[PDB]
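Source file: upload_24.cif; contents: mmCIF, N, CA and C atoms and all ligand atoms.
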```
data_start
#
loop_
_atom_site.group_PDB
_atom_site.id
_atom_site.type_symbol
_atom_site.label_atom_id
_atom_site.label_comp_id
_atom_site.auth_asym_id
_atom_site.auth_seq_id
_atom_site.Cartn_x
_atom_site.Cartn_y
_atom_site.Cartn_z
ATOM 1 N N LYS G 278 69.413 85.903 120.629
ATOM 2 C CA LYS G 278 69.509 85.209 121.901
ATOM 3 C C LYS G 278 70.174 86.037 122.975
ATOM 4 N N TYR G 279 69.395 86.369 124.006
ATOM 5 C CA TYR G 279 69.873 87.133 125.151
ATOM 6 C C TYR G 279 70.214 86.185 126.287
ATOM 7 N N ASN G 280 71.415 86.313 126.830
ATOM 8 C CA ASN G 280 71.837 85.450 127.924
ATOM 9 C C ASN G 280 71.318 85.984 129.246
ATOM 10 N N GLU G 281 71.751 85.383 130.342
ATOM 11 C CA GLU G 281 71.281 85.771 131.673
ATOM 12 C C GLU G 281 71.560 87.241 132.027
ATOM 13 N N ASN G 282 72.666 87.803 131.515
ATOM 14 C CA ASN G 282 73.091 89.182 131.772
ATOM 15 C C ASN G 282 72.508 90.179 130.755
ATOM 16 N N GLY G 283 71.622 89.720 129.850
ATOM 17 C CA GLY G 283 70.970 90.558 128.844
ATOM 18 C C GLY G 283 71.864 90.909 127.667
ATOM 19 N N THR G 284 72.898 90.115 127.460
ATOM 20 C CA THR G 284 73.824 90.334 126.368
ATOM 21 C C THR G 284 73.437 89.454 125.204
ATOM 22 N N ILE G 285 73.432 90.003 124.000
ATOM 23 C CA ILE G 285 73.120 89.157 122.868
ATOM 24 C C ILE G 285 74.354 88.313 122.610
ATOM 25 N N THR G 286 74.198 87.000 122.670
ATOM 26 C CA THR G 286 75.340 86.118 122.508
ATOM 27 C C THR G 286 75.269 85.338 121.219
ATOM 28 N N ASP G 287 74.082 85.255 120.637
ATOM 29 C CA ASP G 287 73.953 84.555 119.367
ATOM 30 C C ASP G 287 72.813 85.138 118.545
ATOM 31 N N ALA G 288 72.642 84.642 117.326
ATOM 32 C CA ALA G 288 71.550 85.088 116.476
ATOM 33 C C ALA G 288 71.308 84.137 115.307
ATOM 34 N N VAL G 289 70.079 84.120 114.813
ATOM 35 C CA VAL G 289 69.751 83.381 113.601
ATOM 36 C C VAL G 289 69.293 84.317 112.511
ATOM 37 N N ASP G 290 69.942 84.235 111.363
ATOM 38 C CA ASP G 290 69.520 85.006 110.205
ATOM 39 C C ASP G 290 68.427 84.201 109.519
ATOM 40 N N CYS G 291 67.175 84.653 109.654
ATOM 41 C CA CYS G 291 65.979 83.896 109.284
ATOM 42 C C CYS G 291 65.833 83.678 107.772
ATOM 43 N N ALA G 292 66.716 84.272 106.940
ATOM 44 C CA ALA G 292 66.679 84.093 105.483
ATOM 45 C C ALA G 292 68.033 83.663 104.932
ATOM 46 N N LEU G 293 68.901 83.138 105.791
ATOM 47 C CA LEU G 293 70.218 82.679 105.354
ATOM 48 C C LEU G 293 70.170 81.360 104.596
ATOM 49 N N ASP G 294 69.495 80.374 105.170
ATOM 50 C CA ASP G 294 69.401 79.049 104.575
ATOM 51 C C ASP G 294 68.173 78.348 105.178
ATOM 52 N N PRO G 295 67.752 77.175 104.678
ATOM 53 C CA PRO G 295 66.600 76.426 105.144
ATOM 54 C C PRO G 295 66.678 75.951 106.590
ATOM 55 N N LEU G 296 67.869 75.842 107.168
ATOM 56 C CA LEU G 296 67.913 75.378 108.545
ATOM 57 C C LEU G 296 67.687 76.551 109.450
ATOM 58 N N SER G 297 68.182 77.694 109.014
ATOM 59 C CA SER G 297 68.022 78.917 109.755
ATOM 60 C C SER G 297 66.547 79.275 109.753
ATOM 61 N N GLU G 298 65.865 78.993 108.641
ATOM 62 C CA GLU G 298 64.435 79.241 108.560
ATOM 63 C C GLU G 298 63.701 78.385 109.581
ATOM 64 N N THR G 299 64.111 77.121 109.723
ATOM 65 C CA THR G 299 63.493 76.252 110.713
ATOM 66 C C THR G 299 63.753 76.763 112.120
ATOM 67 N N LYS G 300 64.995 77.144 112.413
ATOM 68 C CA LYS G 300 65.313 77.668 113.744
ATOM 69 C C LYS G 300 64.489 78.914 114.087
ATOM 70 N N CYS G 301 64.333 79.828 113.116
ATOM 71 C CA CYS G 301 63.556 81.057 113.277
ATOM 72 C C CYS G 301 62.063 80.744 113.524
ATOM 73 N N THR G 302 61.486 79.832 112.719
ATOM 74 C CA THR G 302 60.082 79.413 112.791
ATOM 75 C C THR G 302 59.730 78.792 114.135
ATOM 76 N N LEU G 303 60.630 77.963 114.642
ATOM 77 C CA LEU G 303 60.424 77.266 115.899
ATOM 78 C C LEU G 303 60.873 78.091 117.096
ATOM 79 N N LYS G 304 61.405 79.285 116.843
ATOM 80 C CA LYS G 304 61.917 80.144 117.898
ATOM 81 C C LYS G 304 62.905 79.407 118.778
ATOM 82 N N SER G 305 63.852 78.718 118.161
ATOM 83 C CA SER G 305 64.837 77.975 118.923
ATOM 84 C C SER G 305 66.148 77.853 118.182
ATOM 85 N N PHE G 306 67.234 77.706 118.923
ATOM 86 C CA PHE G 306 68.538 77.533 118.306
ATOM 87 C C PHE G 306 68.885 76.060 118.141
ATOM 88 N N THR G 307 67.967 75.196 118.560
ATOM 89 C CA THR G 307 68.123 73.755 118.421
ATOM 90 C C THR G 307 66.937 73.177 117.668
ATOM 91 N N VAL G 308 67.212 72.339 116.682
ATOM 92 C CA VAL G 308 66.138 71.714 115.930
ATOM 93 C C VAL G 308 66.213 70.206 116.064
ATOM 94 N N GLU G 309 65.112 69.619 116.497
ATOM 95 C CA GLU G 309 65.036 68.187 116.702
ATOM 96 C C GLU G 309 64.809 67.468 115.389
ATOM 97 N N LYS G 310 65.116 66.187 115.366
ATOM 98 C CA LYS G 310 64.922 65.392 114.169
ATOM 99 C C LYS G 310 63.475 65.414 113.723
ATOM 100 N N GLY G 311 63.256 65.672 112.444
ATOM 101 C CA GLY G 311 61.902 65.670 111.917
ATOM 102 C C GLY G 311 61.742 66.547 110.692
ATOM 103 N N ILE G 312 60.499 66.698 110.263
ATOM 104 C CA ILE G 312 60.172 67.514 109.109
ATOM 105 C C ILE G 312 59.335 68.694 109.572
ATOM 106 N N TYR G 313 59.729 69.898 109.187
ATOM 107 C CA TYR G 313 59.004 71.081 109.627
ATOM 108 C C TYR G 313 58.574 71.954 108.469
ATOM 109 N N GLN G 314 57.356 72.475 108.520
ATOM 110 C CA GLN G 314 56.924 73.415 107.491
ATOM 111 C C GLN G 314 57.281 74.815 107.936
ATOM 112 N N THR G 315 58.072 75.510 107.128
ATOM 113 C CA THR G 315 58.570 76.819 107.531
ATOM 114 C C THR G 315 58.188 77.962 106.610
ATOM 115 N N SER G 316 57.896 77.669 105.353
ATOM 116 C CA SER G 316 57.667 78.771 104.434
ATOM 117 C C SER G 316 56.742 78.413 103.289
ATOM 118 N N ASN G 317 56.730 79.275 102.284
ATOM 119 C CA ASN G 317 55.895 79.120 101.108
ATOM 120 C C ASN G 317 56.641 79.667 99.899
ATOM 121 N N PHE G 318 56.963 78.783 98.972
ATOM 122 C CA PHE G 318 57.696 79.125 97.773
ATOM 123 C C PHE G 318 56.785 79.912 96.885
ATOM 124 N N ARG G 319 57.245 81.047 96.382
ATOM 125 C CA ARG G 319 56.402 81.822 95.488
ATOM 126 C C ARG G 319 57.193 82.429 94.351
ATOM 127 N N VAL G 320 56.727 82.192 93.136
ATOM 128 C CA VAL G 320 57.335 82.794 91.965
ATOM 129 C C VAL G 320 56.955 84.262 91.903
ATOM 130 N N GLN G 321 57.948 85.115 91.702
ATOM 131 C CA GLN G 321 57.714 86.548 91.673
ATOM 132 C C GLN G 321 57.476 87.018 90.246
ATOM 133 N N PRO G 322 56.691 88.085 90.051
ATOM 134 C CA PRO G 322 56.434 88.712 88.778
ATOM 135 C C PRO G 322 57.684 89.383 88.255
ATOM 136 N N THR G 323 57.875 89.328 86.941
ATOM 137 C CA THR G 323 59.037 89.958 86.320
ATOM 138 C C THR G 323 58.688 91.150 85.428
ATOM 139 N N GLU G 324 57.421 91.267 85.047
ATOM 140 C CA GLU G 324 56.961 92.324 84.145
ATOM 141 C C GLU G 324 55.774 93.057 84.746
ATOM 142 N N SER G 325 55.549 94.282 84.290
ATOM 143 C CA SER G 325 54.375 95.047 84.700
ATOM 144 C C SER G 325 53.535 95.396 83.480
ATOM 145 N N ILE G 326 52.349 94.808 83.404
ATOM 146 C CA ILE G 326 51.482 94.967 82.249
ATOM 147 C C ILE G 326 50.251 95.772 82.564
ATOM 148 N N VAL B 722 28.137 36.252 106.871
ATOM 149 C CA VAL B 722 29.186 37.239 106.829
ATOM 150 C C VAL B 722 28.575 38.615 106.833
ATOM 151 N N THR B 723 29.003 39.444 107.765
ATOM 152 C CA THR B 723 28.488 40.798 107.830
ATOM 153 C C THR B 723 29.609 41.768 107.549
ATOM 154 N N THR B 724 29.266 42.971 107.127
ATOM 155 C CA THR B 724 30.304 43.942 106.824
ATOM 156 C C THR B 724 30.238 45.135 107.751
ATOM 157 N N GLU B 725 31.354 45.425 108.400
ATOM 158 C CA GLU B 725 31.427 46.568 109.291
ATOM 159 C C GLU B 725 32.403 47.594 108.762
ATOM 160 N N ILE B 726 31.896 48.783 108.499
ATOM 161 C CA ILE B 726 32.688 49.835 107.887
ATOM 162 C C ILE B 726 32.996 50.953 108.859
ATOM 163 N N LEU B 727 34.282 51.239 109.042
ATOM 164 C CA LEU B 727 34.707 52.298 109.943
ATOM 165 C C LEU B 727 35.694 53.229 109.253
ATOM 166 N N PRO B 728 35.576 54.546 109.426
ATOM 167 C CA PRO B 728 36.528 55.525 108.970
ATOM 168 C C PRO B 728 37.750 55.463 109.851
ATOM 169 N N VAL B 729 38.900 55.745 109.275
ATOM 170 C CA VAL B 729 40.142 55.780 110.029
ATOM 171 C C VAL B 729 40.814 57.139 109.970
ATOM 172 N N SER B 730 40.750 57.795 108.817
ATOM 173 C CA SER B 730 41.483 59.038 108.675
ATOM 174 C C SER B 730 40.758 60.089 107.854
ATOM 175 N N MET B 731 41.147 61.327 108.093
ATOM 176 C CA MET B 731 40.674 62.503 107.391
ATOM 177 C C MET B 731 41.633 62.878 106.294
ATOM 178 N N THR B 732 41.163 63.681 105.359
ATOM 179 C CA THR B 732 42.061 64.264 104.386
ATOM 180 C C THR B 732 43.042 65.164 105.128
ATOM 181 N N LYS B 733 44.330 65.039 104.825
ATOM 182 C CA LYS B 733 45.336 65.836 105.514
ATOM 183 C C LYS B 733 45.405 67.240 104.961
ATOM 184 N N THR B 734 44.405 68.023 105.302
ATOM 185 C CA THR B 734 44.298 69.380 104.812
ATOM 186 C C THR B 734 45.203 70.308 105.592
ATOM 187 N N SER B 735 45.870 71.194 104.873
ATOM 188 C CA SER B 735 46.756 72.176 105.472
ATOM 189 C C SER B 735 46.508 73.537 104.853
ATOM 190 N N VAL B 736 46.276 74.525 105.702
ATOM 191 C CA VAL B 736 45.952 75.857 105.229
ATOM 192 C C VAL B 736 46.995 76.865 105.637
ATOM 193 N N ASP B 737 47.476 77.621 104.664
ATOM 194 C CA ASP B 737 48.418 78.695 104.919
ATOM 195 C C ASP B 737 47.621 79.935 105.301
ATOM 196 N N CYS B 738 47.566 80.243 106.614
ATOM 197 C CA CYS B 738 46.713 81.308 107.141
ATOM 198 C C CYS B 738 47.063 82.703 106.592
ATOM 199 N N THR B 739 48.348 82.954 106.262
ATOM 200 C CA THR B 739 48.776 84.247 105.736
ATOM 201 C C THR B 739 48.316 84.396 104.308
ATOM 202 N N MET B 740 48.507 83.357 103.510
ATOM 203 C CA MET B 740 48.081 83.437 102.126
ATOM 204 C C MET B 740 46.568 83.532 102.020
ATOM 205 N N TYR B 741 45.867 82.847 102.919
ATOM 206 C CA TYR B 741 44.414 82.862 102.934
ATOM 207 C C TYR B 741 43.877 84.254 103.212
ATOM 208 N N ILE B 742 44.407 84.902 104.248
ATOM 209 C CA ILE B 742 43.916 86.217 104.635
ATOM 210 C C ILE B 742 44.473 87.363 103.769
ATOM 211 N N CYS B 743 45.811 87.390 103.555
ATOM 212 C CA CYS B 743 46.533 88.484 102.912
ATOM 213 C C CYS B 743 47.325 88.002 101.693
ATOM 214 N N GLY B 744 46.654 87.434 100.694
ATOM 215 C CA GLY B 744 47.313 86.873 99.514
ATOM 216 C C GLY B 744 47.971 87.957 98.678
ATOM 217 N N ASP B 745 49.279 87.829 98.487
ATOM 218 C CA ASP B 745 50.056 88.785 97.711
ATOM 219 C C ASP B 745 49.880 90.229 98.173
ATOM 220 N N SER B 746 49.772 90.455 99.482
ATOM 221 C CA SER B 746 49.631 91.823 99.964
ATOM 222 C C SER B 746 50.517 92.155 101.144
ATOM 223 N N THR B 747 51.506 93.005 100.901
ATOM 224 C CA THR B 747 52.442 93.416 101.936
ATOM 225 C C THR B 747 51.745 94.263 102.985
ATOM 226 N N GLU B 748 50.877 95.159 102.533
ATOM 227 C CA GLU B 748 50.183 96.061 103.445
ATOM 228 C C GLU B 748 49.271 95.293 104.402
ATOM 229 N N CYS B 749 48.538 94.296 103.872
ATOM 230 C CA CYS B 749 47.666 93.435 104.666
ATOM 231 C C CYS B 749 48.482 92.595 105.662
ATOM 232 N N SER B 750 49.621 92.011 105.222
ATOM 233 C CA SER B 750 50.477 91.186 106.077
ATOM 234 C C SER B 750 50.985 91.984 107.271
ATOM 235 N N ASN B 751 51.395 93.224 107.032
ATOM 236 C CA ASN B 751 51.874 94.052 108.123
ATOM 237 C C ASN B 751 50.786 94.276 109.168
ATOM 238 N N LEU B 752 49.530 94.356 108.728
ATOM 239 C CA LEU B 752 48.413 94.505 109.656
ATOM 240 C C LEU B 752 48.110 93.182 110.342
ATOM 241 N N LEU B 753 48.269 92.086 109.617
ATOM 242 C CA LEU B 753 47.999 90.768 110.170
ATOM 243 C C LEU B 753 48.933 90.476 111.332
ATOM 244 N N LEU B 754 50.162 90.966 111.252
ATOM 245 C CA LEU B 754 51.152 90.748 112.301
ATOM 246 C C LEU B 754 50.763 91.394 113.625
ATOM 247 N N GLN B 755 49.802 92.307 113.606
ATOM 248 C CA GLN B 755 49.393 92.978 114.826
ATOM 249 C C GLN B 755 48.542 92.050 115.675
ATOM 250 N N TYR B 756 48.203 90.893 115.119
ATOM 251 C CA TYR B 756 47.401 89.898 115.800
ATOM 252 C C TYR B 756 48.284 88.815 116.401
ATOM 253 N N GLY B 757 49.591 89.055 116.378
ATOM 254 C CA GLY B 757 50.542 88.167 117.020
ATOM 255 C C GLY B 757 50.597 86.771 116.437
ATOM 256 N N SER B 758 50.397 85.792 117.304
ATOM 257 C CA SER B 758 50.481 84.386 116.964
ATOM 258 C C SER B 758 49.181 83.774 116.487
ATOM 259 N N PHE B 759 48.102 84.545 116.392
ATOM 260 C CA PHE B 759 46.848 83.904 115.982
ATOM 261 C C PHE B 759 46.994 83.103 114.685
ATOM 262 N N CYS B 760 47.698 83.656 113.687
ATOM 263 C CA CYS B 760 47.897 83.010 112.387
ATOM 264 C C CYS B 760 48.746 81.710 112.552
ATOM 265 N N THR B 761 49.867 81.794 113.297
ATOM 266 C CA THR B 761 50.774 80.662 113.546
ATOM 267 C C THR B 761 50.097 79.526 114.298
ATOM 268 N N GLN B 762 49.307 79.874 115.302
ATOM 269 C CA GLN B 762 48.621 78.881 116.102
ATOM 270 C C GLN B 762 47.659 78.067 115.250
ATOM 271 N N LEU B 763 46.985 78.721 114.308
ATOM 272 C CA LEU B 763 46.070 78.022 113.419
ATOM 273 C C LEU B 763 46.824 77.050 112.522
ATOM 274 N N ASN B 764 47.982 77.472 112.015
ATOM 275 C CA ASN B 764 48.770 76.580 111.173
ATOM 276 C C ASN B 764 49.234 75.370 111.974
ATOM 277 N N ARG B 765 49.568 75.597 113.242
ATOM 278 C CA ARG B 765 50.042 74.532 114.108
ATOM 279 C C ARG B 765 48.954 73.511 114.392
ATOM 280 N N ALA B 766 47.740 73.981 114.654
ATOM 281 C CA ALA B 766 46.641 73.074 114.950
ATOM 282 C C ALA B 766 46.344 72.155 113.776
ATOM 283 N N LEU B 767 46.370 72.697 112.562
ATOM 284 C CA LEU B 767 46.103 71.876 111.390
ATOM 285 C C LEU B 767 47.232 70.899 111.141
ATOM 286 N N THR B 768 48.459 71.312 111.434
ATOM 287 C CA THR B 768 49.587 70.411 111.286
ATOM 288 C C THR B 768 49.423 69.240 112.232
ATOM 289 N N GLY B 769 49.020 69.526 113.466
ATOM 290 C CA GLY B 769 48.826 68.486 114.460
ATOM 291 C C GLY B 769 47.803 67.465 113.987
ATOM 292 N N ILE B 770 46.722 67.932 113.363
ATOM 293 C CA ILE B 770 45.737 67.000 112.841
ATOM 294 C C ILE B 770 46.334 66.157 111.740
HETATM 295 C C1 LIG T 801 77.365 87.916 134.135
HETATM 296 O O1 LIG T 801 78.418 88.758 134.693
HETATM 297 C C2 LIG T 801 79.232 88.080 135.723
HETATM 298 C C3 LIG T 801 80.234 89.096 136.258
HETATM 299 O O2 LIG T 801 79.596 90.064 137.086
HETATM 300 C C4 LIG T 801 79.929 86.838 135.097
HETATM 301 O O3 LIG T 801 80.696 86.147 136.085
HETATM 302 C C5 LIG T 801 78.844 85.887 134.525
HETATM 303 O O4 LIG T 801 79.465 84.741 133.923
HETATM 304 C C6 LIG T 801 78.018 86.650 133.454
HETATM 305 N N1 LIG T 801 76.951 85.797 132.910
HETATM 306 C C7 LIG T 801 76.895 85.376 131.650
HETATM 307 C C8 LIG T 801 75.723 84.524 131.260
HETATM 308 O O5 LIG T 801 77.776 85.670 130.829
#
```
Could you write out this file's structure as structure tokens?
Amino acid sequence: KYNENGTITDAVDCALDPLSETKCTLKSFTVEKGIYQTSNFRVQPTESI
Amino acid sequence: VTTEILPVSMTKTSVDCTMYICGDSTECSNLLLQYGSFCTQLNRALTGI
């Protein structure tokens, strides 16, 4: 978040927690009441065959 | 007595545009990002429906 003087005054870490994911997805530091789709859960591979 | 049949709703289909185009591919995803919001806008339109 850049303020009027071009100084970064805040930030969202888009992988910190589920609310931060919503803020990042909506490109906003404020999230209104509701349900939002932000990501896709995926199981990762553990072996190489 | 007559019967009048009307549809009310569609199946609530939702498509993950990234998984559809670039499933399990980092190299493809990086190229997909060069198209900006095209992928996000499609997800938004389906959500709206
Ligand atoms: C921009 O700088 C001026 C001082 O020149 C200060 O008074 C003003 O509050 C600053 N704006 C912001 C958004 O911090």
Give me every helix (DSSP H, G or I) residue in chain G, going by DSSP on the backbone, as a PyMOL selection string. chain G and resi 295-302
Kindly provide the residues of chain G that approach ligand LIG 801 (chain T) to within 6 Å, each paired with its closest atom pair and their distance in Å to one decimal, based on all atoms listed in the file, listed by chain and increasing number, as a tab-separated table.
```
residue	atom	partner	partner_atom	distance
G:280	C	T:LIG801	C8	5.1
G:281	N	T:LIG801	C8	4.2
G:282	N	T:LIG801	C8	4.5
```
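Counting only C-alpha atoms, every residue of chain B that comes within 10 Å of chain G is listed here: residues 737, 739, 740, 745, 761, 764, 765 and 768 of chain B.
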Excluding residue 299 of chain G and residues on its chain fewer than 6 positions from it, collect all residues at most 12 Å away from it, counting only C-alpha atoms, and give them as number ranges by chain. G: 289-293, 305-316
Extending 4 Å beyond the listed atoms of segment 749-763 of chain B on each side, what axis-aligned box results? I want centre and edge lengths in Å to one decimal, as JSON.
```
{"center_x": 49.0, "center_y": 85.8, "center_z": 110.6, "size_x": 13.8, "size_y": 25.5, "size_z": 21.4}
```
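When atom CA of residue 325 of chain G is paired with atom CA of residue 746 of chain B, their separation reads 16.3 Å.
Atom CA of residue 762 of chain B sits 23.7 Å away from atom N of residue 730 of chain B.
Straight-line separation from atom C of residue 759 of chain B to atom CA of residue 743 of chain B: 13.0 Å.
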Distance query residue 766 of chain B at most 12 Å, only C-alpha atoms, self and fewer than 6 positions along chain excluded, as a CSV table (one decimal) with N, CA and C atoms, in the frame of the given file:
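The new file out-v6.csv reads:
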```
chain,number,residue,atom,x,y,z
B,733,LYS,N,44.3,65.0,104.8
B,733,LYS,CA,45.3,65.8,105.5
B,733,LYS,C,45.4,67.2,105.0
B,734,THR,N,44.4,68.0,105.3
B,734,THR,CA,44.3,69.4,104.8
B,734,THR,C,45.2,70.3,105.6
B,735,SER,N,45.9,71.2,104.9
B,735,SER,CA,46.8,72.2,105.5
B,735,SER,C,46.5,73.5,104.9
B,736,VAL,N,46.3,74.5,105.7
B,736,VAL,CA,46.0,75.9,105.2
B,736,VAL,C,47.0,76.9,105.6
B,737,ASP,N,47.5,77.6,104.7
B,737,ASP,CA,48.4,78.7,104.9
B,737,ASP,C,47.6,79.9,105.3
B,738,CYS,N,47.6,80.2,106.6
B,738,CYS,CA,46.7,81.3,107.1
B,738,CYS,C,47.1,82.7,106.6
B,759,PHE,N,48.1,84.5,116.4
B,759,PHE,CA,46.8,83.9,116.0
B,759,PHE,C,47.0,83.1,114.7
B,760,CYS,N,47.7,83.7,113.7
B,760,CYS,CA,47.9,83.0,112.4
B,760,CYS,C,48.7,81.7,112.6
```
